[PDB]
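>>> these chains are from a complex, not moved at all, and more is on the way:
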Amino acid sequence: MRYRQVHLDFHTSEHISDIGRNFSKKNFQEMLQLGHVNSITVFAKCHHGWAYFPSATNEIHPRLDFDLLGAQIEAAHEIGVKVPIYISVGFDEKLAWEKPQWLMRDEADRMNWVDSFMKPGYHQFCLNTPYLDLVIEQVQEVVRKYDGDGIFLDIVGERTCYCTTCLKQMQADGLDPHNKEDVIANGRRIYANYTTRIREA
C-alpha cells in the first residue's frame, strides 16, 4: 500500500463546458512529481452520475469529447504512479431525475442528503432496488475495460429506508416497518447483499 496518495475529486456539473480541454499528459505528470505523489484515485463516475470515459453502461459527461479516465491512467502509469478508480454508488444525480422511485425515503417520505429537487445537492439511491443491478453492470464495465489499481465505492453503508420497494419487501418478509429494529436489520442485509454482489462481480 503506497504512502503518498491523492484522492482526485471530479464532481462536475453537466452545465460546465469543455471538460478536460486543458488536460495534458505533461501537466498531469509534472504536478504528480511536484507533489511527490505515488498513487492518485481518479474518477470513472461522479456524484452528478457522469462517466469520464466513453461508457456503454453509463452516459459520458455531455461536454467531455475524449477518454479522460484512460488518459489519466496512462499518464500516471508511465511515471510509476498507481491509479485506483472512484465510482459514486449512493449518488447518481442525472439518474435521480429519471428514477426517483429508486431513491431512499425516511418515515416522513424525505430524500437525503437534500429533501427536494428545488434545492441544490444530491439524492441518495436505495440499494434494495434495481439500481443495484445498474451499479454492478457499471462496476463490471470499468473493471473490464481499464487497467486500474483498485476500486473506491462512495456513499455506501447500512441505512434505514422506508421507500416503496423497502416497505413492500418488509411486509412480504413479515417485518414491521413501524418497528425501528426491523428496518435497521433490513438495512444490514441490504448493505451486505450489495458488498457480496460487488466482490463476486
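Okay, I see it. Residues are numbered from 1 along each chain as shown, chains lettered A, B, ... in the order given.
>>> For the most centrally placed residue in chain A, give its distance to residue A:138.
Nearest residue to the geometric centre of chain A (C-alpha atoms, centre = their mean): residue A:88, 1.1 Å. Separation of residue A:88 from residue A:138 (C-beta to C-beta, to the nearest Å) stands at 10 Å. C-betas here are computed from N, CA, C, even on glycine.
>>> and for those two, which residues touch both?
Residues touching both residue A:88 and residue A:138 by C-beta atoms under 8 Å, 6 or more residues apart in numbering: residue A:45.
>>> just the strands in chain A please.
A:5-7, A:39-45, A:85-88, A:151-154 (DSSP state E).
>>> out of those, nearest to residue A:142?
strand A:39-45 (4.6 Å; C-beta to C-beta).
>>> Output the contacting helices and strands for that closest one.
strand A:5-7, helix A:68-77, strand A:85-88, helix A:131-145 (3 or more C-beta pairs under 8 Å, 6 or more residues apart in numbering; DSSP states H and E).
>>> quick one: contacts of that strand?
Taking C-beta under 8 Å, 6+ apart as the rule, strand A:39-45 contacts A:2, A:4-10, A:32, A:51-53, A:58, A:69, A:72-73, A:76, A:81-88, A:92, A:138, A:142, A:146, A:149, A:152.
>>> add chain B to the structure above, sequence below:
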Amino acid sequence: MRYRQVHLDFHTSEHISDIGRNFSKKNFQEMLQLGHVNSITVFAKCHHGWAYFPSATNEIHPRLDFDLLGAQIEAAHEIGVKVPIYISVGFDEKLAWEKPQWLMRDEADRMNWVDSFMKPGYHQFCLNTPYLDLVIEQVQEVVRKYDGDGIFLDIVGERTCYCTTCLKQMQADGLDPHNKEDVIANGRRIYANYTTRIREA
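This next block brings in chain B, placed alongside the chains you saw above:
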C-alpha cells in the same frame, strides 16, 4: 337529465375478502325501487385503483370473482334505471406503490392528499406524466365494453406540480419553476391536455 340520482361509492381495500359475494340483481333492484332512484353512478375503478370488471388494462379487485360492474348495469337497465360509470383518475393507490415517480410533488417534495406511505390515505398522480396514457387506455376499455350512460372522472382539476417530469419540461419550455405564475399556467395546459385527450378518445 334524470332528477333522482345516487352516486354509489365503492372505494374498497384489497385487504377485504368476498367482494360482491352478497350482491344480487333482486337486492340491487329492490333497493333502487325503495329509494325511487332513476339513475345510479356505479364504479369501474376506485381510489384504491382496482377495476370491478375483468379488465385487460387494469387489475380487477383481487378478492372479486365476477363482473360486478356488468351485473349492476344489467340489474338497473332491466328496471329502467340509467347507470353512469365512475373512474378514479387522480387516485390509483395500488399503482401509486409501483409508480411513485408519476405522483404530484409540491415545492418541498410533498405528496397530496397524504404526505407519506407510512400514513393511511391516497396519493395523487400528475397528469403531465405517462400515467395520462394509462388513464386514456382504461377509459377507452370501459367505454368499449360496457353499455353505460356516461363517465364521471374523479380527482381532477388545474394543479401546481413540481414532480421531476414537470420540473424538466418547464425548464425545456423556458418556464421558471421558481415563478409561481409559470407553474400555475403549466398546470392549466396540463389539465386542458387531459380533458381534450378524454373527449377525443
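>>> Could you re-examine what packs on strand A:39-45 with chain B now present?
Helices and strands touching strand A:39-45, by 3 or more C-beta pairs under 8 Å, 6 or more residues apart in numbering or on different chains; DSSP states H and E, are strand A:5-7, helix A:68-77, strand A:85-88, helix A:131-145.
>>> Flag every buried residue along stretch A:27-47.
A:28, A:32, A:37-47 (16 or more other C-beta atoms under 10 Å in any protein chain shown).
>>> from the chain's centre, how far out does it sit?
18 Å (C-alpha atoms, centre = their mean, to the nearest Å).
>>> Chain B versus residue A:198, what's the distance?
26 Å (C-beta to the nearest C-beta, to the nearest Å).
>>> can you pull the contacts of that residue?
Applying C-beta atoms under 8 Å, 6 or more residues apart in numbering or on different chains to residue A:198 gives the contacts A:136, A:139, A:151, A:153.
>>> can you pull the contacts of the second one?
Think residue A:139. A:87, A:151, A:153, A:198, A:201.
>>> now the first one
Residue A:136 makes contact with A:197, A:198, A:201 under the criterion C-beta under 8 Å, 6+ apart.
>>> can you put these in JSON lines and add distance to residue A:111?
Formatted as JSON lines, these follow (distance: C-beta to C-beta, whole Å):
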{"residue": "A:197", "distance to residue A:111": "24"}
{"residue": "A:198", "distance to residue A:111": "24"}
{"residue": "A:201", "distance to residue A:111": "27"}
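>>> out of the helices and strands packed on strand A:39-45, deepest packed?
Compared across those, strand A:85-88 shows the largest average neighbour count, a mean of 23 (mean count of other C-beta atoms under 10 Å in any protein chain shown).
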